[PDB]
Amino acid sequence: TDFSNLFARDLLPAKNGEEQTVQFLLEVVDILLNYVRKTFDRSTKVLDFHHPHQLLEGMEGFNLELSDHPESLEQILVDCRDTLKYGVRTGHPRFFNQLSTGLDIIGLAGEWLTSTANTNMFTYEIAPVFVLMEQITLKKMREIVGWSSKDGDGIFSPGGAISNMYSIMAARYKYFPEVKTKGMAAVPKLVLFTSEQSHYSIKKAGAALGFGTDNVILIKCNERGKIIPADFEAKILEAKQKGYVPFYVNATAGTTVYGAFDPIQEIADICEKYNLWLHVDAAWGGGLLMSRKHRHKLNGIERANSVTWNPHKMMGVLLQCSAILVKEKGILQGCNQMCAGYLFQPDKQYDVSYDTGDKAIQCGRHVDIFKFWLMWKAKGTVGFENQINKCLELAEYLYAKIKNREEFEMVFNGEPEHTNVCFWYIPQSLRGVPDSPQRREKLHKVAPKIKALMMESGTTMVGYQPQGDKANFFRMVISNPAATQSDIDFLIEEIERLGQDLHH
């Protein structure tokens, strides 16, 4: 009869709704604090798995349907509790399913404040502090990349896929600025280059931006999943022999599956020779720039024309936090500006070059900076460094543990460059067969079955995927500071235990 007789219409801005608003929000916070507590407790399941149809039918009875009339605030609080009950705990020490794992407390605080501030990034006028924080943070990132203060630009975007899109748009504007007014049909045939094992967002941007996927050329990778530079130069020559114009390459920089690093320095030499825009996709591998021990894997990045870097991956900033960094200033502005009305707006009393909105592809833009800035203040560069180092350390631990075991087979020959560890579990019946197309078809079914059993028990989660002619394999990854040695020991033992229950 308290919250069960109260409605949202009775809260602020409703006259003198202050105390009840405070009490409601404190009741919400209480629910979230309990969830935060349980996230770091290993007795808690990673997830209570339900098929889509189970939750759609009233489970139980959590009602997802919408209606004409309001529910009570008590029912709203119940809906909050149930939503968290049936979701996946992405902060759990034993959640290894994605590249982004864990729950940073400072990041969480930063997020809660950002939501309270509730503003757009497009002008200094309504986001003065956040605009300056972005400027400070972006330049710091460019310094870490190895670029000089002489030049530099950048913006945060809604995901690294869109950061990658930015780089291609910027590269096309630098070389063929007439595309903006006249379109793709008014310039020569432009061709892009990316690794066979690079992220699909390159092809996606290729299609979206009017290049066509036929004109996104995949470069051959060696055994370790790295671009072979000789193939890159050969593809360039092949393109211009038929009258096409090579203008852009994407180097990764920490691939999504292998965690491989493309040889940036060799690629840069070829780019300098043929005048190609060099983009480095460090969405995943960019975290390693924070480590003195590991940053050498990105050597040559200082020669890139642009860099994609996702703090929301390795640095464990909360979703989303993705930057595109561009060496030369003015390219993003020139490429994207429409000088509308109305929003920018040259006769403001302040320097309108702080209205960053017109160099974006977005109009309205969510504030992603505060959570990241605050975390950097709370940790220091050394904080990120130590965190990244231990993640990579326990990835080495994992690799060494399974490296020479009969139960496991490594997908490729080579030490992992990132926290990615790619392996098959080999069931007893398959050990020493040997390798055959019939063996691969049976092996293919092993990973999805084990994953199904993982999700049913809710003990752990890890991703599986095929690649090229390889059958489904586990891609283990570590980015969660909550993950410990015993959590890795647990996972290994769990996969083995579940590999002995393939008969359901």
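Residues carry their position along the shown sequence, with the first being 1.
Participant: Can you tell me which stretch has the higher mean Cα B-factor, 270 to 278 or 205 to 213?
Facilitator: Averaged over C-alpha atoms, the B-factors run higher in 270 to 278.
Participant: Mean C-alpha B factor from the entry: is it higher for 119 to 127 or for 237 to 245?
Facilitator: The deposited B-factors put 237 to 245 ahead on the C-alpha mean.
Participant: Taking the values straight from the PDB record, which of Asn404, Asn299, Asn305, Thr181 has the highest C-alpha temperature factor?
Facilitator: It is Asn404.
Participant: Place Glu415 in the lowest, middle or highest third of its chain's C-alpha B-factors, as listed in the PDB entry.
Facilitator: Highest third of the chain for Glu415's C-alpha B-factor.
Participant: Place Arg365 in the lowest, middle or highest third of its chain's C-alpha B-factors, as listed in the PDB entry.
Facilitator: According to the entry, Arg365 has a C-alpha B-factor in the chain's lowest third.
Participant: Against its chain's modelled residues, does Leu25's Cα B factor rank lowest, middle or highest third?
Facilitator: Within its chain, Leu25 is a lowest-third residue by C-alpha B-factor, going by the deposited values.
Participant: Just say lowest, middle or highest third for the CA B-factor of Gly160 relative to the other modelled residues in its chain.
Facilitator: It belongs to the lowest third of the chain when residues are ordered by C-alpha B-factor.
Participant: Using the B-factors in the PDB entry, rank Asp151's C-alpha atom against the chain and give the third, lowest, middle or highest.
Facilitator: For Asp151, whose C-alpha B-factor we compare with every modelled residue in the chain, the answer is the highest third.
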